[PDB]
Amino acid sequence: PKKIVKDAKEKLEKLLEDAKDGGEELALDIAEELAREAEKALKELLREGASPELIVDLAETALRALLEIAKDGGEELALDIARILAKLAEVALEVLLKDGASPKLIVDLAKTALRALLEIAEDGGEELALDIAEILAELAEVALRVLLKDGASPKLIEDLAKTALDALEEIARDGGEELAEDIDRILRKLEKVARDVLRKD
């Protein structure tokens, strides 16, 4: 429980200290080891009956640790970290659903992961921004369907949807016309998914 979280954050901080300003090829291996250590600790918290708030805490700590590795590195590494970050965010959201988490805690973790991806796209170039926008939209769809399965209200589902739609618009503001319509098609698909999830609710 509380003992599992302390051991996990200690391993994450030590993993984060390594390969940070120490090599791109090593940072990718360290990040995959950081994401695996987080995934095992999340599954461990689920087995031992931990609160959803502890699960959110450990998950957010891991996502921010991956975020720091992606920023100070190249765009090739940033896309690799963002794919790892979104996959870890999926596992954490699935764990919260199995642990019986509230809609609000699912929204919090989802927003933390969406802002982290947005933080990578704004810092990078235009081709990277489109790659992050597609990753962000897929993760947003996963979170919206997790909220639906958890019993969330249309208010919170529409809330998480707007945050993801705003994040996609925020990427297009600092881009050319070619990037705008490449994000506009992503926005229409995410609005379609959000409309379907809300109609079932």
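Residues carry their position along the shown sequence, with the first being 1.
Of the two stretches examined, 127-135 and 105-113, the record assigns the greater average C-alpha temperature factor to 127-135. If you average the C-alpha B-factors over 88-96 and over 72-80, the higher value belongs to 72-80. Per the PDB record, residue ranking by Cα B-factor puts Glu32 in the middle third of the chain. Per the deposited record, the Cα B-factor of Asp174 falls in the highest third when ranked against the other modelled residues of its chain. The deposited CA B-factor of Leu148 belongs to the lowest third of values across its chain.
Split the chain's modelled residues into thirds by C-alpha temperature factor. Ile157 is in the lowest one. For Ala140, the recorded CA temperature factor ranks within the lowest third of the chain's modelled residues.
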